[PDB]
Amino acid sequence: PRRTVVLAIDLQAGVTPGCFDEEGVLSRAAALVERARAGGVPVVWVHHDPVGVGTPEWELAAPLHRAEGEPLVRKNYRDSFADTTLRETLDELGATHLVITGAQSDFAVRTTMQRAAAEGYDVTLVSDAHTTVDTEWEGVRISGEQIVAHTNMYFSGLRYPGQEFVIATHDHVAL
């Protein structure tokens, strides 16, 4: 029996500023979480401790708010499963299918969504609810917008035997 969990990664006040389409992405993430709550779909929050434990930057970016009962997993690396309670938290919920929203597309989101796939989960990436910042390397620029687009392209074709991957918008993903 499929149980869906929404996994909201590093949507922290110190992470999202300057990200591509920041206000819109935060707005659609919020809408997604509301829809999950209305559907009785569990929401699990992941926070990156190196943002600065105890500082305002570590807390959820506005307008996101955690509800009573919703687990919060703290991590120190890009992979939300690495040395964390995430797997235990998910197993306790009987999770089989993760619906992923968060930041940043190319770091925590990238590394966590691929780890989840490797672990055997069905994964749905919410195409209009993740973001990152402009960057450059080796003398070429790559915008946040380009990284978001390329991420959605990558995920749309991801396949593992016996597993299901879906790319879907915040208001069409099945909850």
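We number the residues from 1 along the sequence you see.
Exercise for the section: Report the stretch with the higher mean CA temperature factor, choosing between 28-36 and 126-134 on the basis of the entry. Expected result: Averaging CA B-factors over each stretch, the winner is 28-36.
Practice task
Between 137-145 and 59-67, name whichever shows the higher mean Cα B factor according to the PDB entry.
Solution key: It is 59-67 that shows the higher mean C-alpha B-factor.
Exercise for the section: Report the option among 99, 103, 82, 93 whose CA atom has the maximum B-factor in the deposited record. Expected result: By C-alpha B-factor in the record, 93 ranks first.
Handout entry: residue 109 - which third its CA temperature factor falls in, relative to the rest of the chain
Key = It falls in the bottom third of the chain.
Handout entry: Chain-wide C-alpha B factor ranking for residue 10, given as lowest, middle or highest third
Key = As the PDB entry reports it, the C-alpha B-factor of residue 10 lands in the lowest third of its chain.
Exercise for the section: Comparing against every modelled residue in the chain, figure out the third that the C-alpha B-factor of residue 74 lands in (lowest, middle or highest). Expected result: For residue 74, whose C-alpha B-factor we compare with every modelled residue in the chain, the answer is the middle third.
Exercise for the section: Could you tell me which third, lowest, middle or highest, the C-alpha B-factor of residue 41 occupies within its chain? Expected result: Its C-alpha B-factor belongs to the highest third of this chain's values.
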